[PDB]
Each structure stands twice: as structure tokens, then as C-alpha cells.
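Below, chain A is the first sequence line, B the second, and so on; all start at residue 1.
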Amino acid sequence: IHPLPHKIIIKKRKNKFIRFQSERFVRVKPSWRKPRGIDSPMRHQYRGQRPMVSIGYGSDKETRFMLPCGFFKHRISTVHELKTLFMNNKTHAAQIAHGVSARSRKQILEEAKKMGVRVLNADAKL
Amino acid sequence: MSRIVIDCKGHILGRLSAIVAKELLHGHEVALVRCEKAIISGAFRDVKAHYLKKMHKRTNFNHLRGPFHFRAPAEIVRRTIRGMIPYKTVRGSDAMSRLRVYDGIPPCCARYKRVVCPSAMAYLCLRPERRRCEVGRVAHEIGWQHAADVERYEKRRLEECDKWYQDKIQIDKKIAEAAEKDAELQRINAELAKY
Amino acid sequence: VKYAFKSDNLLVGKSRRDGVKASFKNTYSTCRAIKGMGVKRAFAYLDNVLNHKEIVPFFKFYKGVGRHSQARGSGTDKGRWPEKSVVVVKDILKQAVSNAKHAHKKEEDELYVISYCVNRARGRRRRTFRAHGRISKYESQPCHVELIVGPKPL
Amino acid sequence: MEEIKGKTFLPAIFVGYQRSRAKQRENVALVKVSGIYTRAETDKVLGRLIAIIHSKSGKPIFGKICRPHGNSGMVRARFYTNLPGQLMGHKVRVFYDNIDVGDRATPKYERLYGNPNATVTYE
RNA sequence: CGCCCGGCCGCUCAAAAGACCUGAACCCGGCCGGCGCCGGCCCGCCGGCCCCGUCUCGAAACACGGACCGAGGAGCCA
RNA sequence: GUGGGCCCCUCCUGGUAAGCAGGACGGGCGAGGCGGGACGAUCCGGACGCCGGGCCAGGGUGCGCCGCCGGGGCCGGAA
RNA sequence: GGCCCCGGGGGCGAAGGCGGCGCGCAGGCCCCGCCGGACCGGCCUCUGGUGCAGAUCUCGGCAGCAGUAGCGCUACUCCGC
RNA sequence: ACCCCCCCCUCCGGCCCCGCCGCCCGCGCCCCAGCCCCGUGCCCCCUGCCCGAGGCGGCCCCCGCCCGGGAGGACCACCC
Ligand SMILES: [K+]
Ligand SMILES: [K+]
Ligand SMILES: [K+]
Ligand SMILES: [K+]
Ligand SMILES: [K+]
Ligand SMILES: [K+]
Ligand SMILES: [K+]
Ligand SMILES: [K+]
Ligand SMILES: [K+]
Ligand SMILES: [K+]
Ligand SMILES: [K+]
Ligand SMILES: [K+]
Ligand SMILES: [K+]
Ligand SMILES: [K+]
Ligand SMILES: [K+]
Ligand SMILES: [K+]
Ligand SMILES: [Mg+2]
Ligand SMILES: [Mg+2]
Ligand SMILES: [Mg+2]
Ligand SMILES: [Mg+2]
Ligand SMILES: [Mg+2]
Ligand SMILES: [Mg+2]
Ligand SMILES: [Mg+2]
Ligand SMILES: [Mg+2]
Ligand SMILES: [Mg+2]
Ligand SMILES: [Mg+2]
Ligand SMILES: [Mg+2]
Ligand SMILES: [Mg+2]
Ligand SMILES: [Mg+2]
Ligand SMILES: [Mg+2]
């Protein structure tokens with residue numbers, strides 16, 4: 001139920017990178033795009049514009065993809081997949097895929113309790 | 001947080017304005033008294049034409065939209081201070097609301113304790129041969145209607161304060177007689193070591 | 001359509017009309033002018049509008065509505081006397097008071113107008129003829145109307 | 001203020017953030033200390049605990065004096081949490097005595113992301 | 001079924017699904033809260049910020065296209 | 001892909017001249033963020049991954065508006 | 001086209017819809033609550049009518065404007081509910 | 001000095017006095033000279049850090065229409 005001690009997690013930017021001018025028009029969605037206009041101020045990166053995406057923001061290779069609880073994620077749908085991905089571990093906790101019924105989450109949960117695996121959606125459907 | 005009360009007699013208009021504006025932005029309440037006795041360097045006639053060239057600038061299509069030109073000596077001083085303030089922001093409007101300007105010394109300020117700023121007083125600032133004029137005289141030439149009233153009120157006030165000083169003189173000869181309170185002679189001698 | 005008022009610990013009387021052949025903007029203002037009245041008052045007030053003794057003030061659809069002397073203390077200067085909207089609202093009010101005074105024997109002396117909701121419905125669609133061979137629309141703007149009565153609001 | 005209630009102090013003022021005409025650094029505050037007119041007589045108030053009262057909670061915010069600024073007696077200070085703009089022109093307290101506030105006077109980048117190469121223990 | 005003079009209440013049904021599956025956006029009505037983007041601080045202050053696409057030596061331009069929203073919409077094949 | 005360029009410094013040609021037109025070595029904008037020159041595609045510095053600390057170029061240091069004192073003098077445009 | 005260790009997930013609730021956390025520099029992905037009421041996929045290999053803000057774009061819906069602009073041929077009135 | 005500024009004259013946010021009839025807040029007064037500067041070249045420097053009368057200065061609150069005539073008038077408003 002606990003992972004091994006790790007380095008301190010740093011996020012270099014806390015908010016999301018939002019598409020330029022998506023706040024003016026409903027038809028323009030907030031998903032990121034690269035500015036590519038000849039007169040674009042966002043492309044020229046004048047002061048006071050939104051920040052631009054670049055690989056300098058990437059995360060520390062030892063902590064990238066690590067959830068706040070300290071574990072890395074594994075996504076499973078059956079009891080067979082519970083055992084195969086967790087023979088060797090202590091780096092991963094497990095997650096039940098959303099489509100798994102309430103009848104079979106009891107079988108996965110109790111079985112995974114014996115193996116000594118954390119499940120991250122233990123108390124979804126009562 | 002007291003109020004700083006400045007007697008504007010003898011002071012240079014622009015050198016006094018710079019001080020008050022910096023104090024206002026530090027969260028201070030300031031009053032200014034005797035605005036008609038402040039000083040503008042230069043010949044009166046040069047100063048006159050300068051203030052009559054400002055009054056010529058108005059919005060051509062409607063003068064109610066235009067720059068307003070105030071004629072009393074207190075309001076001229078207040079408009080000079082606004083030039084040194086970012087008055088169109090919230091931080092700047094809070095500073096204007098902390099300022100007061102008065103022609104003469106009226107009863108709402110008559111018992112306040114006053115101060116001066118000698119680094120902006122004309123007898124220390126201006127060379128002996130430079131001409132200079134009083135703000136009150138400039139105002140009277142551009143339209144101030146109350147030059148004679150301020151003088152009548154100033155005269156009656158000083159006579160009443162001249163009688164007061166005589167009784168205040170005697171009070172000091174009783175207040176200061178108190179060298180008989182030892183519990184203060186224990187205060188003065190410790191302050192002696194550090195001074 | 002469904003009711004927009006959802007309260008569940010009050011004894012209320014309800015009535016509605018769906019798709020009413022009356023102006024939407026006129027009828028909204030008539031319902032908002034009687035909100036919070038006791039049901040004795042609103043019945044007199046509505047008869048006075050019919051007889052031009054009182055006005056309906058207009059807070060939302062007022063460009064071109066004239067200012068009149070009869071609107072001195074209301075918050076605005078503009079109002080009208082919508083006779084067809086007052087005919088509709090009066091009959092919807094009587095059903096709600098009947099519905100409440102019969103489901104729980106409460107008198108008209110403790111009933112008040114505590115809710116309303118007017119909504120835009122789908123109109124009749126005719127045409128008009130314009131110059132240079134053109135045709136244009138000539139439509140109606142009808143409404144859905146609902147009204148709730150119950151005990152004094154606090 | 002039930003823990004700084006009796007503490008005598010030297011007055012100060014928070015005039016603004018550190019800035020140029022183009023940019024503004026909100027993580028450092030500029031502060032005016034009464035009776036300090038020279039860069040040289042800033043040594044006496046150097047490195048001491050200060051505080052400002054946030055007049056929405058009523059609680060204090062604690063900080064320390066770090067560097068001088070200019071030639072004329074201004075200083076730079078860093079507070080436990082960076083200040084809001086509403087607090088400009090307000091009064092700052094420079095305590096004459098010592099107060100153990102633990103680590104509640106130190107800035108948020110130094111408390112976390114301060115890089116002690118350190119770890120998360122998980123009990 | 002009942003009650004008032006279309007409404008209410010409620011009946012069939014797993015469900016009104018009631019003129020019909022699901023039922024997004026733009027836009028609107030009622031109750032409740034408040035008075036553009038980025039950054040710092042829990043939060044209304046301070047600082048920065050011209051309208052995109054396009055042809056063009058050069059566009060915020062008094063150069064052109066574009067009220068809004070949805071779905072379709074242009075280097076494939078021999 | 002491009003084969004409409006333009007500007008600065010020095011050096012020139014036609015023209016009364018021009019923010020006019022045509023040529024030359026080197027540099028720039030084009031296709032170069034940031035600070036400064038109030039304000040400007042090109043001038044003065046400096047050419048750019050995401051942060052924390054330090055030092056400081058160019059320009060400046062009454063108040064707006066971040067930052068100053070001491071000392072010696074003086075007090076648009078042609079004939 | 002294949003695999004998914006007694007043979008992948010589903011009325012003990014699929015796809016879609018509306019809000020809310022997390023993960024990724026990002027394109028995007030994953031989970032939870034409510035709605036809905038019958039189907040859906042992760043990894044390897046194969047294939048293409050494969051990704052929109054603009055084209056006086058096409059078709060459909062629809063706002064402000066706005067209760068606004070506007071409603072030749074002389075003429076109707078009293079009583080009968 | 002036909003120029004310029006003020007009066008007269010037109011509009012006028014705000015304010016004051018008077019009619020009918022409560023709240024709160026602050027605690028500080030010489031004057032005049034600068035080539036007499038009359039013996040200077042200081043004081044203050046704690047607005048809570050332990051301050052919290054009376055007088056002297058501030059602040060708040062306080063006043064209906066419809067209806068019908070008109071010397072008034074698009075509608076309103078205005079005067080009765
Ligand atoms: K959007
Ligand atoms: K361009
Ligand atoms: K074009
Ligand atoms: K062209
Ligand atoms: K060109
Ligand atoms: K452009
Ligand atoms: K132009
Ligand atoms: K324009
Ligand atoms: K063009
Ligand atoms: K044109
Ligand atoms: K255009
Ligand atoms: K020529
Ligand atoms: K280049
Ligand atoms: K119209
Ligand atoms: K004149
Ligand atoms: K006259
Ligand atoms: Mg026609
Ligand atoms: Mg025809
Ligand atoms: Mg349906
Ligand atoms: Mg062309
Ligand atoms: Mg064209
Ligand atoms: Mg157009
Ligand atoms: Mg589409
Ligand atoms: Mg040229
Ligand atoms: Mg080009
Ligand atoms: Mg600039
Ligand atoms: Mg300064
Ligand atoms: Mg196909
Ligand atoms: Mg296609
Ligand atoms: Mg589209």
C-alpha cells in the first residue's frame with residue numbers, strides 16, 4: 001500500500017498550454033496548435049502573449065508519469081491481467097477499466113488485496 | 001497615522017508638489033494651508049502669459065468636455081499635484097482622496113501643528129536676482145473673486161492668535177517649571193548617555 | 001412542457017398554459033408585475049390594467065415603450081396596458097388559486113404569487129410581399145406561461 | 001496578533017514590488033525604513049525579521065530583509081508568501097527583539113523546490 | 001378514478017419513451033452567486049498585452065474576406 | 001524553394017530638389033525574441049530551451065516611474 | 001487479418017452526452033459522479049474517400065436590431081343580447 | 001489700446017440656512033525676517049509599540065403619487 005521513497009516531483013508549468021485566441025471564438029477550441037500566420041504576434045512571441053510549447057518544459061526522467069501517490073499506473077480489465085502485470089512489482093498500482101461491471105470488481109478487488117497491490121478506484125460502485 | 005499639515009507660505013510650487021505626491025503614495029494624509037502665498041519663479045508678466053495660454057485650450061465642439069481651468073489658488077495647487085499622480089488608477093485615486101488644499105487657515109485646521117520643507121522654499125532655492133510672484137496675485141488676474149475676503153479673514157485670525165500667544169507664554173513658565181518630578185529626572189539622565 | 005419551479009416542502013397551487021396566442025414580451029412583463037402580491041391584490045390590479053387605472057411597468061423589453069405619468073414610483077418611467085396578455089394571465093391565476101384552495105382548504109387571504117416563468121414557443125409562419133418582386137416573413141411570437149401560488153415568502 | 005502583541009518595533013512601509021518600466025518581480029518587495037537615509041546605514045536592519053498585517057484575515061505575514069536598494073536607504077525583503085497588490089502603502093514592522101517563528105518567515109521557493117537533493121519518505 | 005371550470009391530481013408501463021430513441025452548440029426564461037487573456041498573490045489590486053487569415057520591401061490600418069453555431073469541405077488513383 | 005526586395009554606413013551618377021530615380025565593399029530587416037531611443041520592420045546595446053542566485057552593456061537617476069551624490073566653470077534655421 | 005491461459009469488457013449497465021480530478025513539453029489519453037439503454041476494444045501486421053476558423057465556401061438552425069420600420073379609391077352612427 | 005481678464009447676463013453638479021424631528025468619529029494653534037541671520041547651524045522621530053474627559057473641529061440620517069385644468073406641452077415634465 002506504499003511505494004519506495006523517490007525524488008521530489010517538479011512540474012515546470014502548472015497550467016495547460018491553450019490555443020491562441022480560443023477565448024474570443026466558441027468555434028476555436030482550447031486544444032494546442034502551432035501559430036503559423038505571416039503577421040501572427042503569437043508566433044513572433046512579443047511580450048505579453050501566451051507561452052509557447054517546447055521540449056524545454058519536459059519532466060525529470062525519473063519521475064515522469066508518476067502519480068501523486070508515488071506509484072506508476074497499470075490499467076487492467078481481468079483477473080488474469082492482474083497477475084501477469086504484477087508478478088514483479090512495487091513500482092505500480094493498478095486501475096480497473098471503466099467498463100468492468102460491479103459484479104466482477106468484487107473478484108478483482110479481493111484478489112488484488114491478497115497479492116498486495118494498491119487499486120486506485122477501489123470504492124467506485126459501492 | 002496622523003495628518004501632516006504644511007504651511008505653503010514661501011514655498012516653490014513645483015518643488016512642493018513633488019514632495020506631497022511622493023508622501024501621498026506612501027499612505028499619508030496631507031493638508032496644505034495658505035495656498036495663495038506659494039511662489040512661482042519668474043517675472044509676474046511671464047508667469048501671467050503662461051497661465052493665459054493654458055486657458056485657451058478647450059474642446060472645439062463642446063467646452064463642457066474640455067479641460068477645465070480652475071481659478072482659485074488652492075485648486076491650481078491641487079491640479080499641479082495631479083500631474084505627478086497616476087490618478088486614473090485605483091492606487092492613484094486613493095492618493096488624491098487623501099489630500100486637502102486651503103486658501104488661508106480655516107477653523108478645521110486652525111489648531112493643527114504645522115511644518116515646513118526648507119529644501120523647497122524660495123529663500124533657499126532662488127538666486128537673489130531672479131524675479132518671482134505669489135500664486136494669489138496670478139489667480140486674481142485670471143478670475144479669482146475672493147482675494148479681498150481671504151485678507152480680511154486672515155487679519156482677524158492673527159489678532160486672536162496674538163492674544164492667545166501671551167497666555168501660552170505664561171503656561172510654559174508653569175509647564176516647564178516641572179523639574180520637581182524625579183520619575184522624569186530618571187528619564188532625562190538615561191537619555192543623556194545615548195545623546 | 002415541464003415545470004421550472006422545483007420546491008418540495010411547500011403546499012402550492014399550480015396552473016400552466018402551453019403555446020399561448022399572445023405576445024411573449026407583453027406577457028412576460030405582466031407576470032413579473034404581479035410577482036410577490038397577495039392574490040386579492042393581483043386580482044384587483046389586473047382589473048385596473050383593463051380599465052387603464054394602473055400600468056404594467058416594463059423592465060426588459062422597453063425600446064419604443066412610452067413613458068407615462070401613471071408609473072411614478074416603480075423604478076422606471078416606461079409602461080403600457082397590455083389587454084390581451086392580462087386576459088390570459090387572469091385565467092391562469094384562477095386555476096392555480098382553485099387548485100390550491102381545493103387540494104388544501106386554504107383561503108385567498110393567505111395565498112401569494114411566489115413564482116412565474118414565461119418561455120418562447122414556436123410561432124405561426126405567414127408571409128408578406130415586398131417591393132421589386134421580393135417575399136419576406138411575417139411571424140408570431142407566442143409563449144409558454146406558468147404561475148405558482150402559496151404562502152408568504154420568507 | 002496574539003503572539004506579536006507586546007513587541008515594540010521600528011516603523012516601515014511597503015511601497016511596491018521590484019520592477020523596471022517593462023517588467024515586475026512580485027517575489028521581492030521594496031520597503032522604506034524610518035530613519036535610514038543612506039546605503040551604509042542599512043547594515044543595522046540587515047537580515048532581521050519583519051512583518052505586515054493582512055487586513056482581511058487580521059493575521060501577520062512574516063519575512064526578512066535581504067539586500068539594500070539604491071543609494072538612499074531602501075531595502076529588499078522576501079516574505080513567507082508573496083504579497084498582494086492591495087497591501088501597498090501599508091505599514092511594516094521591524095521588531096527590536098528576537099522571535100522564534102520557526103520556518104514561517106521563509107519564502108516558498110526556498111521551503112520547497114529548494115533542492116536539498118531530498119526525498120519523500122512515505123512513512 | 002376524482003376535483004374545479006382547459007388546468008390539477010394521478011392511472012398504463014422497467015421507464016413516459018405521451019407523439020414520440022439518444023437530444024450537443026448557437027440563442028433564451030425563472031431562482032441563486034458575482035462585476036477579456038497572461039503572471040504573482042486567495043482575489044481585487046499591481047504589472048504586461050492593438051484583429052486574425054492573406055498578397056506584400058512594409059498591415060492595428062481609412063487594403064480585402066469574416067454576425068453567430070453545427071455538420072460537410074480540397075495532392076487520391078492509372 | 002527563390003529569380004517584385006528594401007534600409008544603414010562609407011563612395012558615386014542624373015536632377016533645383018525629393019521619404020525621387022539608378023550603381024559599389026561590408027552589415028542589417030526580410031526570416032531576429034529581450035532592454036533602451038516617449039512613440040517606429042531597419043537606430044544604440046545584446047541574438048532566444050525551462051528555472052533559482054549573482055554580475056552588469058546600451059540609456060539614464062525631481063514626481064508620474066525602477067535608480068544620485070560630491071566638485072570646477074557658464075547661464076528646426078541663413079546672410 | 002491475429003492475439004487477449006479454462007478463454008478479452010458488457011442490462012450487477014455498451015456507445016454517446018454534461019460536469020469534475022489526474023497523467024503527458026504537446027497532439028491527446030485515463031478515471032469518477034449524473035444522464036442514456038445495446039454494443040465496444042488495448043497490443044502486433046495490413047488498408048484509406050483519414051484530422052478545419054477562414055474559400056463574397058455549401059446546406060440547415062438562428063441572434064441583435066425590435067415590440068422597431070410599417071397597416072389611392074370622401075363615412076359612418078344609434079338600438080336590437 | 002476696437003484686443004485680453006472680471007462684473008452685469010444664461011445654465012448650474014454640489015452645498016448652506018429654516019421648518020417636522022436621533023447617531024458616529026478625531027485629540028495637534030505664535031507671528032515675521034534672510035546684505036541682522038539677534039546669537040541660530042534645532043525638535044519630532046511609539047498611531048499602539050498601550051494611546052481612549054470637556055471644549056474645539058468633523059460625519060450620517062430627515063421630506064409621495066394618481067387624478068383634473070392651464071399662462072405649460074410630441075410622450076413625459078412643469079405651474080396651479
Ligand atoms: K473557445
Ligand atoms: K509580415
Ligand atoms: K490577399
Ligand atoms: K493581388
Ligand atoms: K510591393
Ligand atoms: K495583419
Ligand atoms: K492607415
Ligand atoms: K479600424
Ligand atoms: K495589402
Ligand atoms: K477598396
Ligand atoms: K477587413
Ligand atoms: K529637373
Ligand atoms: K539576419
Ligand atoms: K428594425
Ligand atoms: K473672449
Ligand atoms: K454688458
Ligand atoms: Mg407590400
Ligand atoms: Mg411581381
Ligand atoms: Mg426525445
Ligand atoms: Mg499577385
Ligand atoms: Mg483584391
Ligand atoms: Mg464583410
Ligand atoms: Mg466539420
Ligand atoms: Mg524609394
Ligand atoms: Mg517575403
Ligand atoms: Mg517601448
Ligand atoms: Mg522614486
Ligand atoms: Mg472508406
Ligand atoms: Mg477528404
Ligand atoms: Mg466551420
(message) Could you identify the nucleotide paired to G:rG67, looking across every strand shown and requiring Watson-Crick or G-U wobble geometry with both distances under 3.5 Å?
(response) none
(request) From the options G:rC12, G:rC6, E:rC26, select the nucleotide whose nearest atom is closest to the side chain of A:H80. (result) G:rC6
(request) Taking atom P in both F:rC74 and F:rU61, compute the distance separating them and give it to the nearest angstrom. (result) 25 Å
(request) Please verify, for G:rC6 and G:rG33, whether Watson-Crick or G-U wobble pairing holds with both distances under 3.5 Å? (result) no
(message) Tell me whether F:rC34 is paired to F:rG45 (Watson-Crick: purine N1 to pyrimidine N3 plus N6-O4 or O6-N4; or G-U wobble; cut-off 3.5 Å).
(response) yes
(request) Syn or anti for E:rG6, please, going by whether the chi angle lies within 90° of 0. (result) anti
(request) Go through G:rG64, E:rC26, E:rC41 for me and flag the one nearest to the C:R120 side chain. (result) G:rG64
(message) Just checking: do G:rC4 and G:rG41 form a pair, Watson-Crick or wobble, with both of the defining distances under 3.5 Å?
(response) yes
(request) Sort out for me which residue in C:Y62, C:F59, C:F61 forms a side-chain contact (heavy atoms from CB on, under 4.5 Å) with C:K78. (result) C:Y62
(request) Tell me which nucleotide among H:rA77, G:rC25, E:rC69 gets nearest to the side chain of A:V26. (result) E:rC69
(request) Answer yes when B:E159 and B:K155 have at least one side-chain N-carboxylate O distance shorter than 4.0 Å, and no when they do not. (result) no
(message) Does A:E23 contact E:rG36 through a side-chain donor or acceptor facing the base, at a distance under 3.5 Å?
(response) no
(message) Could you check whether the side chain of A:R50 and the base of E:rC38 have a donor-acceptor pair of N or O atoms closer than 3.5 Å, going by distance alone?
(response) no
(request) Determine, with a yes or no, whether G:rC57 stacks on G:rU56 under the 5.5 Å centre and 30 degree plane limits. (result) no
(request) Applying side-chain contact (heavy atoms from CB on, under 4.5 Å), name anything that partners B:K113, two or more places apart in sequence or on another chain. (result) none
(message) Assess whether a salt bridge exists between B:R157 and B:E160, defined as any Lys/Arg side-chain N lying under 4.0 Å from an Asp/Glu carboxylate O.
(response) no
(message) Of the listed nucleotides (H:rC32, G:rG27, H:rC30), which one gets closest to any side-chain atom of B:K9?
(response) H:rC32
(message) Side chain of C:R67, heavy atoms from C-beta onward: which of G:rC65, E:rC68, H:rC75 has the nearest atom to it?
(response) H:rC75
(message) Quick check for you: among F:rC65, H:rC49, E:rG36, whose closest atom lies nearest to any side-chain atom of D:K5?
(response) H:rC49
(request) Could you tell me whether D:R93 sits above the aromatic face of D:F95, with NZ or CZ closer than 6.0 angstrom to the six-membered ring centre and within 45 degrees of the axis? (result) no
(request) For G:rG7, measure the glycosidic angle (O4'-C1'-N9-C4 for a purine, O4'-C1'-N1-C2 for a pyrimidine) and name it syn if it falls within 90° of 0, otherwise anti. (result) syn
(message) With G:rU47 and G:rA75, is there a Watson-Crick or G-U wobble pair, both distances less than 3.5 Å?
(response) no
(message) Check A:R50 with A:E23, please: is the shortest side-chain N to carboxylate O separation under 4.0 Å?
(response) yes
(request) Please confirm if G:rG42 pairs with G:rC3, counting Watson-Crick and G-U wobble geometry and requiring both distances below 3.5 Å. (result) yes
(request) Could you tell me whether G:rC34 and G:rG17 make a Watson-Crick or G-U wobble pair, using a cut-off of under 3.5 Å for both distances? (result) yes
(request) Measure from NZ or CZ of C:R32 to the centre of the six-membered ring of C:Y116, then state whether that distance is under 6.0 Å and the direction lies within 45° of the axis. (result) no
(message) Nearest heavy atom decides the nucleotide; on that basis, is A:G56 or A:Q21 closer to the 5' end of RNA chain G?
(response) A:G56
(message) Counting only Watson-Crick and G-U wobble pairs whose two distances fall below 3.5 Å, is G:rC71 partnered with G:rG80?
(response) no
(request) Please indicate yes or no: do G:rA63 and G:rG64 satisfy both the under-5.5 Å centre distance and the under-30° plane angle for their six-membered base rings? (result) yes
(request) State whether the distance check finds a donor on one side and an acceptor on the other, under 3.5 Å, for side chain C:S115 versus base E:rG30. (result) no
(request) Please indicate whether E:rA71 is base-paired to G:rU58 in either the Watson-Crick or the G-U wobble sense, using a 3.5 Å limit on both distances. (result) yes
(request) Report the residue (C:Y62 or A:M66) whose heavy-atom-nearest nucleotide on RNA chain G is the more 5′ of the two. (result) A:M66
(request) State whether the aromatic ring of B:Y165 stacks on the base of H:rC30, taking stacking to mean ring centres under 5.5 Å apart and ring planes under 30° to each other. (result) yes
(request) Taking only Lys NZ, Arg NE, NH1 and NH2, and the carboxylate oxygens of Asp or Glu, determine whether B:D7 and B:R34 approach each other closer than 4.0 Å. (result) yes
(message) Nearest to the side chain of B:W164, heavy atoms from C-beta on, is which of H:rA77, H:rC29, E:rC31?
(response) H:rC29
(request) For the nucleotides H:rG22 and H:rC60, establish whether a Watson-Crick or G-U wobble pair is present, both distances being less than 3.5 Å. (result) yes
(message) Can you identify which nucleotide, out of E:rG48, H:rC32, G:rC23, has its nearest atom closest to the A:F65 side chain?
(response) G:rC23
(request) Verify whether the stacking test passes for H:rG28 and H:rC29, with limits of 5.5 Å on the ring-centre separation and 30° on the angle between planes. (result) no
(message) For the adjacent pair E:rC20/E:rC21, please state whether the pyrimidine-type six-membered rings satisfy a centroid distance under 5.5 angstrom and an interplanar angle under 30 degrees.
(response) no
(message) So if I take every side-chain heavy atom of D:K23 and compare against F:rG35, F:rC65, G:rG10, which nucleotide ends up nearest?
(response) F:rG35
(message) Check this for me: does the side-chain of A:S77 come within 3.5 Å of the base of G:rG42 through a donor and an acceptor?
(response) no
(message) Looking at the base of E:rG39, is there any donor atom on it, or on the side chain of D:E26, that sits under 3.5 Å from an acceptor on the other one?
(response) yes
(message) By nearest atom, which of the nucleotides F:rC68, E:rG39, F:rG33 is closest to the A:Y46 side chain?
(response) F:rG33
(request) May I ask you to check whether over 12 heavy atoms, not counting those of B:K163, lie within 6.0 Å of atom NZ? (result) yes
(message) Syn or anti for G:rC46, given that syn means the glycosidic angle lies within 90° of 0?
(response) anti
(message) Students should be able to answer this: classify the pucker of F:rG4 from the sign of its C1'-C2'-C3'-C4' torsion, north or south.
(response) south
(message) So is the aromatic ring of B:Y123 stacked onto the base of H:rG34, judging by whether the centres are under 5.5 Å apart and the planes are under 30° apart?
(response) yes
(request) Indicate whether D:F9 forms a stack on H:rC46; treat it as stacked only if centroid distance is below 5.5 angstrom and interplanar angle below 30 degrees. (result) no
(message) If a pair has to be Watson-Crick or G-U wobble with both distances under 3.5 Å, does that hold for E:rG75 and E:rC11?
(response) no
(request) Please figure out whether C:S15 or B:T89 has its closest RNA chain E nucleotide nearer the 5' end. (result) C:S15
(message) In this structure, do the base rings of E:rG73 and E:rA74 stack on each other (centres less than 5.5 Å apart, planes differing by less than 30°)?
(response) no
(message) Taking the nucleotide of RNA chain E with the nearest heavy atom to each, does B:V90 or C:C117 sit closer to the 5' end?
(response) C:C117
